[PDB]
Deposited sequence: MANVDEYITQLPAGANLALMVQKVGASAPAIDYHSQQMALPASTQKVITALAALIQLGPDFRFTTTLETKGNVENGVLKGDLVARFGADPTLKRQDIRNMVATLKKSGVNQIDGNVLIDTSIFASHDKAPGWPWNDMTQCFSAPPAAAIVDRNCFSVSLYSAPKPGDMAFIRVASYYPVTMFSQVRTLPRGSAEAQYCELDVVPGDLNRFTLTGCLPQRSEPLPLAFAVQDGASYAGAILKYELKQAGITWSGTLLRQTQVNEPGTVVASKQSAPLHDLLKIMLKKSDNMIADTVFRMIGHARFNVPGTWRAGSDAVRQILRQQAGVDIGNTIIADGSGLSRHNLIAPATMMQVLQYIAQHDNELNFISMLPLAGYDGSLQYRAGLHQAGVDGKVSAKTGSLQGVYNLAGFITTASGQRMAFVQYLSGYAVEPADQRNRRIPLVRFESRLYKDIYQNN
């Protein structure tokens, strides 16, 4: 340990297929897994949904089309596809038009019944909810439910800073930001804040020091259904389709209408690969609630996802996670809690079934891709191209979970759970020593 005063390490290193570990340091102690949770999410997803699962979104008609008039409702059934884009909506609407519908004598329903309850997992800090990495992974996603904004200081200090936003983003921005004389010391404790409101309103408050250039800001959409509905409304109007009713949310499970247009995501194995390479929280969390929906045939919720993942691990993978707490798929939640010894059983299962799962090729390869392209510790250990592992990074948490091929060619699984990390290169020195050790001595 080259580690800062008071950091907490739980570490286990074990040959693939071996029954005893080579390194065992507090391996039974529960810890915050952060994004290494995604290893569990990917395995349960492959087992439950399979590599060829695709998310799907449809436009459905309920009623007869007479003389180009739908006598009934248009239903836009969202399916938690994390990769759905504005263009996909525009294309599905183009297809609707081409099918013969010019007018809807009825309502436009934004159907999110695939999921229920909150779009935010237990244990997610409230303060990060407006940041894109923590965007609520709702059933209705368009362009990752993230949008950007430019904040301009006013030429006269004391005047309102002003917001520029692209006109297509259906959000409502208000500025209550005071522009400060670019020296004086309201600047020290006057915060610049974002305050979300209902229906995708955002108010910027506080102070902004004079700047020559505008401040770029990216925010998370809080109400995906409303956002997706406004985009749909816009695309309908552009395509010349009129309607007499209003846009309504449909949350209760219901029989599908006639599918007039659809979009399916890339295959799940492809999505899980992005997820593990890049640590994509939104893919992990839409997958997570999908798992529960598919296993129990109920609208997907965080609790059903948690129950399902535990059941899948125990029953299909032979891993009893015991008192482990699984709160989400991404590892964002501070309620996730698992011991290296438990994550080790998952890793051993994966290595044993890797020819079936094609799992290890999806993990970041040190020195090549994803989160490990340049991890100084690993590069300096001389283990580039020898480590395939998932990172887990949160405020003062630096985890790694995966596989290393050692100097003798032995594959070893490892779990490094390092937290309570706080500062007044210790990591880099720690990692370069440890992985050089593991590689060289095994």
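In this chain the deposited sequence has gaps in the coordinates at 1-8, 433-440, listed in sequence order.
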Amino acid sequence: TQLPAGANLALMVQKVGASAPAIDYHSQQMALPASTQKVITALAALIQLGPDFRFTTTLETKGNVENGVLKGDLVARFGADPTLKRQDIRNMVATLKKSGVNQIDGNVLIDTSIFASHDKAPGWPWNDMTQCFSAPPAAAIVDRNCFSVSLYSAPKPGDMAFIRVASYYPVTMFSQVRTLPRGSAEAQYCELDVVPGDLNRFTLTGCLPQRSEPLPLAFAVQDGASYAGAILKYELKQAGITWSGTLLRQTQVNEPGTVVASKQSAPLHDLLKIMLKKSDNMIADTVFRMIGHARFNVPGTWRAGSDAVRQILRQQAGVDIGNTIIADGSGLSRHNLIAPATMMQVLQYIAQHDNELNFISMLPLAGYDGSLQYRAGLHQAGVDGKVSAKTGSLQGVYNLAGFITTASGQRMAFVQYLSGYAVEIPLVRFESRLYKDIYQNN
From here on, numbers count along this sequence of modelled residues.
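Heads up, when I say rigid core I mean the largest set of C-alphas that superpose within 1.5 Å between the two forms.
Rigid core superposition in 5 other deposited structures of this protein puts the Cα atoms of one stretch, out of 14-22 and 426-434, farther from the shown form on average, and that stretch is 426-434.
Comparing the two stretches 30-38 and 390-398 by root mean square C-alpha distance in 5 other deposited structures of this protein, with all structures fitted on the core, the more displaced one is 390-398. A summary of the deposited B-factors shows that, of 65-73 and 41-49, the stretch with the larger mean C-alpha value is 65-73. Here 304-312 and 184-192 are compared by their mean Cα B-factor, and 184-192 comes out higher. Highest C-alpha temperature factor among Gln131, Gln222, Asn358, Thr179 per the entry: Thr179. Of the candidates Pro125, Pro214, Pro137, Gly331, it is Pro214 whose Cα B-factor is highest according to the PDB record. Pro364 sits in the lowest third of its chain by CA B factor, as recorded in the PDB entry. Among all modelled residues in this chain, the alpha-carbon of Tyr374 has a temperature factor (C-alpha) in the highest third.
When all modelled residues of the chain are sorted by CA temperature factor, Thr258 is found within the highest third. Ranked by Cα temperature factor within the chain, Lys156 sits in the highest third according to the deposited record. Compared with the other modelled residues of the chain, the Cα B-factor recorded for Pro209 ranks in the highest third.
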